[PDB]
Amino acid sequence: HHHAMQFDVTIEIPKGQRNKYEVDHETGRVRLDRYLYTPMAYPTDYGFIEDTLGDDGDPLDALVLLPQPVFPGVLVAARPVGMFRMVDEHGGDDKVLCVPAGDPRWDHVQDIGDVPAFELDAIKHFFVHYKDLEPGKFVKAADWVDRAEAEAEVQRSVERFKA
């Protein structure tokens, strides 16, 4: 209702990285999965929401808008403003778009319409194309949905994690 959703995001990959890092969900170790095969770099800080389980068996992915990147493993208390939905070779994948919680410099961003269109297009473009040069990888759908849909998915993923 009036009480806004928040959660902790663990950042795995800082904005501007071509190294695709992963944080192990059991040990907390950071691993280099791979150097990307395309001349692309992560459009925002990238990671996952703590204590969630998405429909793909992993913690629910998160994209965080920041004034300055963090590094792999760093926690950021964040709030959702939208969600990126896609289908690739492994099926559906959802990524929640967030901003820092309790920071007045982000109060103007409350929903997906508050983010410049070209910035959302840029984020989409990354995920549509970053595996273009990897064999057997493809994208069949990609689109943006609003904060309300994002929050519904976060709540579902909290429930799956508890179960």
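Residue indices: 1-based, along the sequence shown. Definition used throughout: the rigid core is the maximal C-alpha set that superposes within 1.5 Å between two forms.
Superposing on the core and measuring CA offsets in 7 other deposited structures of this protein, the stretch of 117 to 125 and 53 to 61 with the greater mean deviation is 53 to 61. Put simply, when the other structures in 7 other deposited structures of this protein are lined up on the rigid core, the C-alpha atoms of 24 to 32 lie farther off than those of the other stretch, from 93 to 101 and 24 to 32.
Taking only CA atoms, the mean B-factor in the PDB entry is higher for 22 to 30 than for the other of 22 to 30 and 44 to 52. Remark: stretch with higher mean C-alpha B factor among 13 to 21 and 142 to 150 is 142 to 150. Remark: residue 76 belongs to the lowest third of its chain, ranked by C-alpha B-factor as recorded. In the PDB entry, residue 67 places in the lowest third of its chain by CA B-factor. The deposited CA B-factor of residue 104 belongs to the middle third of values across its chain. For residue 125, the recorded CA B-factor ranks within the lowest third of the chain. Only modelled residues enter the ranking.
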